[PDB]
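Each chain gets a letter, A, B and so on, in the order its sequence line appears, and its residues count up from 1.
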Amino acid sequence: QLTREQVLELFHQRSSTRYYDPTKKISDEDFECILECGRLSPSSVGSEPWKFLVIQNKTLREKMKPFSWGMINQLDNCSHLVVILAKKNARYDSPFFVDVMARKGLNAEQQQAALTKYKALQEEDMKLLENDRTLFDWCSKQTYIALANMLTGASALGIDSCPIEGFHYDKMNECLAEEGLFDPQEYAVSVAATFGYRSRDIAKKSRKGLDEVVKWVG
Amino acid sequence: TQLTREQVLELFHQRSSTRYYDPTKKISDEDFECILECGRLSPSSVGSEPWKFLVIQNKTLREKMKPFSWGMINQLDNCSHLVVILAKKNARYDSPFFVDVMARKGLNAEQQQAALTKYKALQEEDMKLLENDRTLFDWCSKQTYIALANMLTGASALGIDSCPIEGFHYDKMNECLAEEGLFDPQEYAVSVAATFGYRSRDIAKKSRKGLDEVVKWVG
Ligand SMILES: Cc1cc2nc3c(=O)[nH]c(=O)nc-3n(C[C@H](O)[C@H](O)[C@H](O)COP(=O)(O)O)c2cc1C
Ligand SMILES: Cc1cc2nc3c(=O)[nH]c(=O)nc-3n(C[C@H](O)[C@H](O)[C@H](O)COP(=O)(O)O)c2cc1C
Ligand SMILES: [Cl-]
Ligand SMILES: [Cl-]
Ligand SMILES: [Cl-]
């Protein structure tokens, strides 16, 4: 439990860190807790379509620099780097969704019902089976939930972070797949995040005002 | 604001998706503004904040949604607050939308030209978002899922229950909300929703994949 003022200050204190102290490393305990915040995240129909690559290998980090302009300095100095993958071809009738149902412990009639629920959602409600990319982006949207909670959970632990889109996705995919780090038919890169301890004061928040981003329908 | 690893874990564990709300309990105006603030303060790619939070308290409007909102059809009645998050359509690097983005960063003329080439690279080449309208909308949509997550977590921290909602016909929803004059359908479309309030059944146990299945370590 937190007060209103603390809840606010938690989201004011979290800022995108572009300069890490290279003399400070996150403890294994603290980082596993950050990862737990991602794994515990909610996801459409319990799909959990994420995978978290923790890239600590200096050599691999250096390989990413030339195509990762968004984090080119952070690559060198951050404690931890997480590249989040999202599941490809996450169709209602896929072995992937066979597992989803197995985790939910559904019997045979419930599974035919769940499947008709997933079919209408993908095909008609959200029109996700348009092409390969729309279905992938649906899973990727769920991984942005994990991303957000990892940033928030880290900040609560006193750990700074930066979410990262600033890299060439085709090359990053090829780089990690060539390392044998995932099956390029099953997964692709969604988004990444650095973690560590900042070296500079937090810059104050610049957002649109509440009255511009909220519309009340009474 | 600081928490032990024990409390952080409990924070993300205590947050569950509630399907059954108690219609007696209503969130205070102070608490719910706090929840909204969690979305508004969320990070977003190049600071684009491409969301809009529609707060649907109108009881008549909530019923009109039920016939195509199977994911929340019971919840529409009993939940305290309902949020439909919109994402910006066609948030191209060269759009008026990105004129505002740059002004909020206080960029000068030289800084704006450099930023514009950075956005163009990001959208056109690094992320390949400009192939069509839907890929570019979906990118903004992804950023709104960050505001979604943080509103759930902030709600949880205040003792307030939530449920994220994709279970509705998007076309019918976009149409319904746009006909009610709630947004410009050329400028925004529905991205995701979320109900807020207090639960009426017990919190359920979490079924997640193992940490060993979802984490791959590269040391
Ligand atoms: C998905 C996404 C990707 C981002 N990619 C980058 C990036 O690659 N490099 C960078 O320095 N910041 C990046 N940012 C951080 C944003 O620029 C930042 O969140 C925004 O300016 C608001 O500032 P704040 O996070 O300090 O509140 C990204 C943010 C998000 C959520
Ligand atoms: C984007 C999103 C959409 C969801 N859509 C629905 C929905 O339509 N109806 C619903 O009751 N739950 C919905 N869920 C809830 C998930 O099924 C639920 O989060 C998951 O099974 C994990 O349980 P937990 O959130 O209680 O940990 C959605 C979740 C998310 C993140
Ligand atoms: Cl950087
Ligand atoms: Cl400092
Ligand atoms: Cl509008």
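Both the backbone and the side chain of A:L10 come within contact range of chain B, each with at least one heavy atom under 4.5 Å from a heavy atom of that chain. Residue A:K58: no heavy atom, backbone or side chain, is found under 4.5 Å from chain B. The contact between A:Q13 and chain B is made entirely by side chain atoms (from C-beta outward), counting heavy-atom distances below 4.5 Å. Within the 4.5 angstrom heavy-atom criterion, only side-chain atoms of B:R134, from C-beta onward, approach chain A. B:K206 touches chain A through its side chain: at least one heavy atom from C-beta onward sits under 4.5 Å away, while N, CA, C and O do not. Interface residue A:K215: backbone and side-chain heavy atoms are both found under 4.5 Å from chain B. Neither the backbone nor the side chain of A:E179 comes within less than 4.5 Å of any heavy atom of chain B. Neither the backbone nor the side chain of A:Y118 comes within less than 4.5 Å of any heavy atom of chain B. Looking at B:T4, only its backbone comes within 4.5 Å of chain A, counting heavy atoms on both sides. With a 4.5 angstrom heavy-atom cutoff, A:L147 touches chain B only via side-chain atoms. Looking at A:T59, there are no atoms closer than 4.5 Å to chain B (heavy atoms on both sides), in backbone or side chain. Contact annotation for A:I34: neither backbone nor side-chain heavy atoms come within less than 4.5 Å of a heavy atom of chain B. Proximity to chain B is absent for every atom of A:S161, based on heavy atoms less than 4.5 angstrom apart. Residue A:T143 does not touch chain B at all, counting heavy-atom pairs closer than 4.5 Å. Interface remark: A:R207 contributes backbone and side-chain atoms alike to the contact with chain B (heavy atom separation under 4.5 Å).
When side chains are defined from C-beta on, A:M64 counts as touching A:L81, because their heavy atoms get closer than 4.5 Å. Inter-residue side-chain proximity for A:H168 and B:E125 is flagged as met; some heavy-atom pair is nearer than 4.5 Å. You'll find the side chain of B:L54 stays beyond 4.5 Å of the side chain of B:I85, heavy atoms only. Counting heavy atoms from C-beta outward, B:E187 and B:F97 have side chains that stay 4.5 Å or more apart. Within the 4.5 Å cutoff, the side chain of A:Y187 has no heavy atoms near those of the A:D183 side chain.
For the set B:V83, B:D31, B:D100, B:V192, the entry with the most heavy-atom pairs within less than 4.5 Å of chain A is B:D31. Chain A forms the most heavy-atom pairs under 4.5 Å with one residue out of B:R15, B:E33, B:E10, B:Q2, and that residue is B:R15. Ranked by heavy-atom pairs shorter than 4.5 Å toward chain B, the options A:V83, A:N149, A:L157, A:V214 are led by A:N149. Of the listed residues (A:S41, A:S155, A:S43), the one with the most heavy-atom contacts under 4.5 Å to chain B is A:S41. Contact count against chain B (heavy-atom pairs under 4.5 Å) is highest for A:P42 among A:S206, A:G153, A:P42. For chain A, the option among B:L9, B:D138, B:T153 with the highest count of heavy-atom pairs below 4.5 Å is B:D138. Of the listed residues (A:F52, A:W50, A:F67, A:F182), the greatest number of heavy-atom pairs within a distance under 4.5 Å of chain B belongs to A:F52. Contact count against chain A (heavy-atom pairs under 4.5 Å) is highest for B:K142 among B:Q57, B:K142, B:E213. Among the candidates B:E37, B:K118, B:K105, B:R104, the residue making the largest number of heavy-atom pairs closer than 4.5 Å to chain A is B:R104. Looking only at heavy-atom pairs under 4.5 Å with chain A, the residue among B:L122, B:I165, B:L86 that has the most is B:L122.
Near-neighbour residues of residues 169-176 of chain A relative to chain B, defined by a heavy atom under 4.5 Å from a heavy atom of that chain, comprise A:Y169, A:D170.
When only modelled atom types and interatomic distance are considered, B:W139 and B:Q123 share no side-chain donor-acceptor pair under 3.5 Å. No side-chain N or O of B:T135 forms a donor-acceptor pair with one of B:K128 less than 3.5 Å apart.
Judged by distance alone, the side chain of B:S69 and the main-chain N or O of B:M72 form no donor-acceptor pair under 3.5 Å. Not one N or O on the side chain of A:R198 forms a donor-acceptor pair closer than 3.5 Å with the backbone of A:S15. Judged by distance alone, with hydrogens and angles left aside, the side-chain atoms of B:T1 form a donor-acceptor pair with the main-chain N or O of A:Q6 at under 3.5 Å. Without hydrogens or angle criteria, A:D160 side chain to A:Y197 main chain gives no donor-acceptor distance under 3.5 Å.
To the nearest 0.5 angstrom, B:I160 atom CD1 is 8.0 Å from B:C34 atom SG. Atoms OG and CD1, from A:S16 and A:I202 in turn, are 11.5 Å apart once rounded to the nearest 0.5 Å. Atom SG of A:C139 is separated from atom CD of A:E48 by 11.5 Å, given to the nearest 0.5 angstrom.
Relative orientation of the A:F31 and A:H80 rings is parallel, given thresholds of 30° and 60° on the angle between their planes.
No more than 12 heavy-atom neighbours from other residues, nucleotides or ligands sit within 6.0 angstrom of CD on B:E6. Atom CG of A:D132 has 12 or fewer neighbouring heavy atoms from other residues, nucleotides or ligands inside a 6.0 Å radius. Heavy atoms of other residues, nucleotides or ligands lying less than 6.0 angstrom from CG of B:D212 number 12 at most.
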